């Protein structure tokens, strides 16, 4: 299993916009995010669609594929990071140069709609990819939370790590919908807990990402096949109960819960419970119908702040009862 080199200070991070044109619509947060990473000691190479606008997207299918492929093919770029998600990353998949990526593995990181690319590249090349910060939402965040996200980013991509690698829970989180371009108040600190929904333990390859986005690639050559023993990692954001029930049942009818040994469920940013007062894991519990699968919920690798950086495609032990997550397998050189 071929691995990317670790990030180093002085490296260049290439950025691209596979879907929403955030570098046009949110210039202040974009500039703040660039400045944050420049100050830490990284260089930013702006992809060819930076600053461009095509309404709901940055550009045509062909132009977005060209933007990403230029970064993949550039030997001076060690990390490729989405600016933000959207809906439209899956349009790029037939056009990506997977051979160039496989010949010179790099860190590929982002979240939400970029799940289509993270999973497509892993499915095509076998190289682990990373569910973690996207430049504008993640590194344009104001203090305090941006500094916690950054610590997790260094831990996974830069620091030497000995195995197993314990992924530690943050003390505080927020999903507050505020302080996007300009800071008004402090976000409330929410004390953190992971939730032992269904006790138990599971060990196996972690596969997943943004669940809504997975339904845009399922069945294709870009979705890695779920195998007996895998651990399912899933998150969604700003949906309602009706939407996530449909997504949970989509997994159920596909036999996913017959295969996986365990489930890790992210927090759900600004969940709309439709008046039911049910939490997302409770809707998942209904769909599971008392099948006993260890389930650990409110994991901080999702749309809430701060964000953990998780390797996808490597062995993990999750312990739902004790609320721990360990990476058992090397993800980088």
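Residue numbers count along the first chain shown, from 1.
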Revision key, fill the gap. Comparing mean C-alpha B factor in the record for 297-305 and 284-292, the higher one is 284-292
Study note, to complete from the structure: Avg C-alpha B-factor, entry values, 198-206 vs 151-159, higher side is 198-206
Point to revise | Among 135, 211, 171, 121 - the residue whose C-alpha B-factor is largest in the record | key: 171
Check your understanding: Among 251, 92, 226, 109, which residue carries the highest C-alpha B-factor recorded in the PDB entry?
Key -> 226
Check your understanding: Going by what the PDB entry lists, where does residue 32 fall on CA B-factor within its chain: lowest, middle or highest third?
Key -> middle
Exercise for review: State the tercile, meaning the lowest, middle or highest third, of residue 145 with respect to the CA B-factors recorded for its chain.
Suggested key: middle
**Study point:** Among modelled residues of the same chain, the CA temperature factor third for residue 235
**Key:** lowest
Study note, to complete from the structure: Quick tally, chain-level thirds of C-alpha B-factors: residue 320 sits in the highest
Revision key, fill the gap. For residue 274, the third of its chain by CA B-factor is the highest
